[PDB]
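Chains as they are written, first to last, in the authors' numbering: chain A, 25 to 414, 424 to 638; chain B, 25 to 414, 424 to 638. Virtual Cβ for every residue (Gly too), placed ideally from N, Cα, C. A short write-up of the structure that comes next.
2 protein chains.
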Amino acid sequence: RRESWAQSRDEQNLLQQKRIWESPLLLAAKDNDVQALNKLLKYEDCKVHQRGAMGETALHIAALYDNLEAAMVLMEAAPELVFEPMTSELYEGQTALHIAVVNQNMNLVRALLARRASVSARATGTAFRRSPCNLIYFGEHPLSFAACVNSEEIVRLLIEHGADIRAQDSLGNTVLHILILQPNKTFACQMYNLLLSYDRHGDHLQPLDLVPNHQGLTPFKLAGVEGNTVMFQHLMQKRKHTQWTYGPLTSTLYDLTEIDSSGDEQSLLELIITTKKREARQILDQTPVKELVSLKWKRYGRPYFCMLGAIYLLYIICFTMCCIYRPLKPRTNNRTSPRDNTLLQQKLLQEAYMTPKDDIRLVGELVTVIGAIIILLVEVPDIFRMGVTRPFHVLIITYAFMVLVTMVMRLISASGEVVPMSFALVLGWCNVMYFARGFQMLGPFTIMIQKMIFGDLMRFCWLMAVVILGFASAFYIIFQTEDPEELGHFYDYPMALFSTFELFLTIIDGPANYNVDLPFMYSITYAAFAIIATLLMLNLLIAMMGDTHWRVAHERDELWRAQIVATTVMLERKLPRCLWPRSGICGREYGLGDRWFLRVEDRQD
Amino acid sequence: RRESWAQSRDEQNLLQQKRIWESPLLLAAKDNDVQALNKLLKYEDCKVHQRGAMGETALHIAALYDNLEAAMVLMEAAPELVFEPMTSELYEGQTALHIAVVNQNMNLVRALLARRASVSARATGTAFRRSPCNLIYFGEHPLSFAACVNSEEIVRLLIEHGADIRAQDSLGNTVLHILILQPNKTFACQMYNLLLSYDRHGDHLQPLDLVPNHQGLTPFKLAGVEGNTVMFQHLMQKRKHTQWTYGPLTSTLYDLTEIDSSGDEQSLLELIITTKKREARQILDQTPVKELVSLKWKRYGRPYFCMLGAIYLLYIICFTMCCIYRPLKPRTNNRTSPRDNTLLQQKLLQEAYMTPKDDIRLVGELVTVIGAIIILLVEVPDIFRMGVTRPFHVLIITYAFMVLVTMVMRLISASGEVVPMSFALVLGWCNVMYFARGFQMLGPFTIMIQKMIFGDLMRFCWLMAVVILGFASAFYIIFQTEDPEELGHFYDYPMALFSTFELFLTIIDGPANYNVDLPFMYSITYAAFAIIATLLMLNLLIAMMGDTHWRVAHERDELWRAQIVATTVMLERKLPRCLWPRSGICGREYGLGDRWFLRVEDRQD
Ligand SMILES: CC(C)CCC[C@@H](C)[C@H]1CC[C@H]2[C@@H]3CC=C4C[C@@H](OC(=O)CCC(=O)O)CC[C@]4(C)[C@H]3CC[C@]12C
Ligand SMILES: CC(C)CCC[C@@H](C)[C@H]1CC[C@H]2[C@@H]3CC=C4C[C@@H](OC(=O)CCC(=O)O)CC[C@]4(C)[C@H]3CC[C@]12C
Ligand SMILES: CC(C)CCC[C@@H](C)[C@H]1CC[C@H]2[C@@H]3CC=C4C[C@@H](OC(=O)CCC(=O)O)CC[C@]4(C)[C@H]3CC[C@]12C
Ligand SMILES: CC(C)CCC[C@@H](C)[C@H]1CC[C@H]2[C@@H]3CC=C4C[C@@H](OC(=O)CCC(=O)O)CC[C@]4(C)[C@H]3CC[C@]12C
Ligand SMILES: CC(C)CCC[C@@H](C)[C@H]1CC[C@H]2[C@@H]3CC=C4C[C@@H](OC(=O)CCC(=O)O)CC[C@]4(C)[C@H]3CC[C@]12C
Ligand SMILES: CC(C)CCC[C@@H](C)[C@H]1CC[C@H]2[C@@H]3CC=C4C[C@@H](OC(=O)CCC(=O)O)CC[C@]4(C)[C@H]3CC[C@]12C
Ligand SMILES: [Ca+2]
């Protein structure tokens, strides 16, 4: 199932080595063999256009095994074999110019250009596309191939012979975008300068560092999403304008145009926080950005997050107050058939709103219903307007349904409404833990409780729900032939599981009676449940929750700053303008244009 | 709100760059432009006194962007432009001599001194004052500016031209005080020697290392408060007088005048322990001081701290003894209206002191009242005599009120006095934890209990008082329609919070009855409270109290020595002389003057 692509790849690469061993022409191109390559091309031609296992000529082989002399003898006998690409599906459109560039063969690339090779050869195969299957993402063009391998010789050689500097691949990446997607980040900085040096701006469109992809990303914005910090410090030096320097002081000044959210729908700060990478959050510490989100939060962002956290805390007190005064008449019927098993003595009211203390509650209930529709008007026209659904969004909409269920369940006088009022008194209060991110020291406590549930408890609840089902289905059998008035823990099977879950966690004690003879098999089975499940499997979980606290408190300040960017972006697109002005100091009154700058000085030495 | 100071700073620094771009004269001073600076000053003058955005001439710009030749052409056309300072509020009083010194421009400072520049220019701006807003604290004078940048050339150059070595800024700091407030501490040691070398003592007042500030600190005492250890080892070598050396032995001898508390109101040991810095306690390990407070404590300081801890331990036993024998007659009235809810059967006496076993208690009560006025006579005329109130002071005055409340509450025969007797039996005993600092190994256990309450429990009680209010207001609703004779934990709402606080910490068990049918929603809600709140949020707090024990026991001996200095200073000003003599061996009988020395020998090699 969807794994034969790596199986057919390995059969095709072995099919290449079979046809390279059958033909005497092509076996005389692996190891050069100029004595026989003369003699084979002397016979008549012996089929100079022999296609191998993957669409290849005899000149592709001599360029691939780095045979300079075997191609010089071949090109003098080749009428047009520089022109033909490979005609495969795996390696499609790869001319012989591509192969001679990647191997840094400087003498062969001078040869193929001399016989008029096309430098715009679209190598549109499937072994060159951006994929986790392919270990290389070089591009499509020989200028793109020469840039990724860090060869400063062929790059000068191809531009002189007319290579296009603005060519794009299938993913729309210009030749400066692929250099950001390379592992050797230091060598990609020099190639970023050398390729942009061949940009004579002749009233063409945007000058090669602003050309977007099919997604819309510039090379600056692509270096932010991909977590490329070395190609971010180097690309920022075009944008800072250093003012006066005064001994050790240096009053630099950053441009801040593609970083801050303009009238354009996206910004750099929105792309960093919503991407699926982890190294992209490392770029949120650099000197243009760290002084931006800590200036956008100290002013304009903390007072709008505490006013939004004091209305909600005076809302969920208004909901708790109008819910512990719920109606509750004294009874209707007699004590039903179970003798003393059924203790319940209220059976809440039907439809009486008299007695004016209930009219005070009616004002306190309509606030909690209006307050639960406004949640469904700023959350439901977000997901059903953007489509994708990527987690306190889902704990504030679930609260918003459980109030709206209770309204429908009361107007029709349905009976049991203590169940929607128990998913709203605990989902409603435990969302005040969301507002513990405007405080730095209370911030990543919400991170630890996520990584202890979904990372250390969902991985060890499957080895605890097996021991608990093992010993509760053994405790039930032992106390199945007993009298469940004394020692009545395990009286039926749904209670045997709940009263073994509690004995696991050591919250209830552990049963004994001392006035009766407990069955013999209980004293052995419980003395093996106190060992395998109380001190040895519970105290393995508490140790797993003691190095998830450690590896989060070790990076306390980095997890908080990613909670401030994600809050400020959420609070900027919803809360409108004239209450949230642009950050920084504008141009247009200091002779700088329509750009929004942000200066900062730092003592260096 | 009080953040426009950094906003008006950034607009003013951009207003400088606008007026530097409008004037052809001043734009010909950034990049020197000697072709046009000749042509502009040839026209007529074209306003040689043009003030820019911040009070500046055209010569300030040529000194700020390090333009030597643009000022040489300008000063020959400048009639008096060396004289005028900046006339701003930000950069006020800064002449052009200040700017040429900071940039280490040696050729320009020779020029401005040749045209008779004043070297006593009070640069009394607001961008030079000591503040966390300003990244530099250089001073006011060009001799003060040359000392901070570590230039040994201009410092010789200014003293030859008559710079005052004893000048003071607005904060009273002489030129040796600012060198202690510099980050490069190694380079500030050489400048301390070179500036003090120009001190020919000519029957002037105290020789430049004893001149106080407006606070009263000498440069030696300022190096103690500011935590500057490198400027403390270097400044101590003036004070030690080395005696005989005998192979590896070396019997050095320290001066100990500005360290130990003289008749002067302050000492070095009082300033270290009462300042708001943390690096100031690092200086309390150096060789003059560490052998002082460990000689002031082994004798004279431990026997006066254990006699003061055995009177108090025989006082709080006298208070416990006279409080569990409190009067308690057998009743007055009947069992009041609640059936068996009100179990109480004493209702303490009014005013009977007969039956001579009560006359023994009266002697035991007057000791506990006299003992609680003496606390209010050595503590209340301290805070209301010094004004500022900066924490076992507040747990010994709170004990002193709760005894004095109980005296007033008994003489008027008021009813409920079990509440002031319960803030005095627990505040009174838990102050014997104060006297666990005369013991080295019991010492910083009092530090750990502070940093676990005010540092790890006041930060995580706000994420626990939300879950506890969430589940107690859900447990109350479920057991609101029940019979609270069986399973009567949550019978009213103040008890639902207390019986969920206890279920959180796992001190009471967890309710069950097994003879009745508990409601269905309880078995789900409690099985989610045992997970989110017993093993996952409690065992996150216990891990937070396991790396606060670690980071205090790692520095066990440093926290104890700061508890001995703070005890010895407190016990020296209250307990008078003739019971606490001066430490060290005096002069005046060995030909050394009126100084109090302390010798120590150490094997070196
Ligand atoms: C009748 C009166 C009482 C009206 C009551 C309205 C408020 C109690 C509600 C209405 C809309 C709610 C907001 C709707 C959306 C959000 C975003 C939501 O953010 C997330 O889910 C996470 C995003 C992030 O991590 O930044 C958190 C709750 C919050 C602020 C809600 C807080 C409480 C609000 C203001
Ligand atoms: C921290 C570790 C132990 C997590 C492991 C998860 C499970 C082992 C626990 C967590 C939730 C528990 C359940 C939560 C609630 C109930 C309902 C309880 O009784 C009922 O309310 C249903 C009976 C009825 O139908 O009336 C029976 C046990 C059961 C299934 C519990 C069985 C054990 C469960 C699956
Ligand atoms: C009738 C008889 C029993 C008189 C009883 C008097 C003592 C029981 C009281 C009176 C004054 C009290 C003292 C008043 C002041 C202080 C300083 C106080 O120091 C601090 O608060 C912290 C200072 C530091 O950290 O060094 C600690 C308690 C102590 C020694 C008190 C110890 C107990 C004393 C001697
Ligand atoms: C009747 C009920 C409400 C009991 C009330 C008890 C609290 C009011 C008391 C009991 C124990 C006290 C604590 C005991 C010990 C310390 C350590 C103490 O730490 C230091 O003083 C260390 C610094 C130093 O070296 O002086 C600070 C006060 C504190 C937290 C105390 C704070 C107040 C507490 C919690
Ligand atoms: C270690 C963690 C859990 C600290 C978190 C702090 C709070 C969650 C705790 C600490 C003190 C507790 C309070 C201490 C004492 C009381 C009084 C108690 O009943 C009373 O005495 C008042 C009722 C009446 O008026 O008669 C009700 C619970 C309450 C408020 C407790 C509720 C829970 C509190 C606020
Ligand atoms: C009636 C019974 C079933 C009670 C049901 C309780 C649960 C449905 C609730 C109560 C507390 C909740 C948790 C409270 C806090 C968090 C942390 C929260 O973490 C973050 O959002 C961190 C990331 C960020 O910074 O936004 C994720 C949800 C989670 C696990 C919640 C998941 C759902 C929980 C377990
Ligand atoms: Ca128990």
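The closest heavy atom of ligand 4 lies less than 7 Å from the beta carbon of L428(B).
Among the CB atoms of chain A, none fall inside 8 Å of the CB of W29(B).
With contacts defined by Cβ atoms closer than 8 Å, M485(B) and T581(B) form a contacting pair. Sequence-distant partners of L428(A) (beyond 5 residues in either direction) whose C-beta falls short of 6 Å from its own C-beta, in its chain, are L460 and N464.
Taking a cut-off of 8 Å for Cβ pairs, the stretch 59-74 of chain B and the stretch 26-38 of chain B do not touch, as fewer than three such pairs fall below it. The C-beta of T210(A) comes no closer than 8 Å to any C-beta of chain B.
Per DSSP, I204(B) has no beta-bridge partner at all.
For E282(A), the three-state secondary structure derived from DSSP is coil. Listed as beta-bridge partners of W268(B) by DSSP are no residues whatsoever. Proximity of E389(A) to chain B, defined by a Cβ-Cβ separation below 8 Å, is not satisfied. From the beta-carbon of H522(A), the residues of chain B found nearer than 9 Å are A545 and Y547.
Distances between the C-beta of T600(B) and the heavy atoms of ligand 3 include at least one below 7 Å.
Interface flag for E113(B) against chain A is unset, since no Cβ pair is found closer than 8 Å. Shortest gap from the CB of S556(B) to any heavy atom of ligand 2: under 7 Å. Residue environment analysis places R359(B) among the exposed positions, since fewer than 16 neighbouring C-beta atoms fall within 10 angstroms of its C-beta. Between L50(B) and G76(B), the CB-CB gap stays under 8 Å.
Taking 8 Å as the Cβ-Cβ cut-off, the stretch 152-168 of chain B approaches chain A at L159 and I160, given in chain order. Using a cutoff of 7 Å, the CB of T81(B) does not count as near ligand 6, since none of the ligand's heavy atoms is closer than that.
Residue contact check for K42(B) against chain A: a CB pair falls below 8 Å. Straight-line measurement puts the Cα of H426(A) at about 59 Å from the Cα of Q290(B). Taking the C-beta atoms as reference points, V317(A) is found nearer than 8 Å to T601(A).
In its chain, beyond the 5 residues on either side, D193 and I202 have a beta carbon closer than 6 Å to the beta carbon of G163(A). Remark: fewer than three beta-carbon pairs, one from each stretch, lie closer than 8 Å, so the stretch 554-562 of chain B and the stretch 562-574 of chain A are not flagged as touching. In terms of beta-carbon proximity, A469(A) lines the interface with chain B, with at least one pair separated by less than 8 Å. Within chain A, the residues whose beta carbon sits less than 8 Å from that of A576(B) are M578, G579, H582 and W583, listed in sequence order. The beta carbon of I296(B) sits closer than 8 Å to the beta carbons of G248, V249, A304, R305, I307, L308 and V598 from its chain, once the five residues preceding and following it are set aside; these are given in chain order. With a 10 Å radius around the Cβ and a threshold of 16 neighbouring Cβ atoms, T379(A) comes out exposed.
Inter-residue distance for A94(A) and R180(A) is about 26 Å (C-alpha atoms, whole angstroms). In chain order, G503, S506, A507 and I510 make up the part of chain B whose C-beta sits under 7 Å from the C-beta of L458(A). By the 16-neighbour rule on beta-carbons within 10 angstroms, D57(A) is buried. When CB distances to chain A are screened at a threshold of 7 Å, the residues of the stretch 479-505 of chain B falling below it are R492, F493, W495, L496, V499, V500, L502, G503 and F504, in chain order. From the listed residues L444(B), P327(B) and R636(B), the smallest Cα separation to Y377(B) is found for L444(B).
DSSP places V249(B) in the uninterrupted alpha helix (DSSP H) bounded by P243 to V249. Closest in C-alpha terms to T439(B), from the list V402(B), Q473(B) and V393(B), comes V393(B). Two segments are said to touch when three or more pairs of C-beta atoms, one from each, lie closer than 8 Å; by this definition the stretch 336-345 of chain A does not touch the stretch 614-623 of chain A. Contact between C342(A) and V402(A) does not hold, since their C-beta atoms are separated by about 19 Å, which reaches or exceeds 8 Å.
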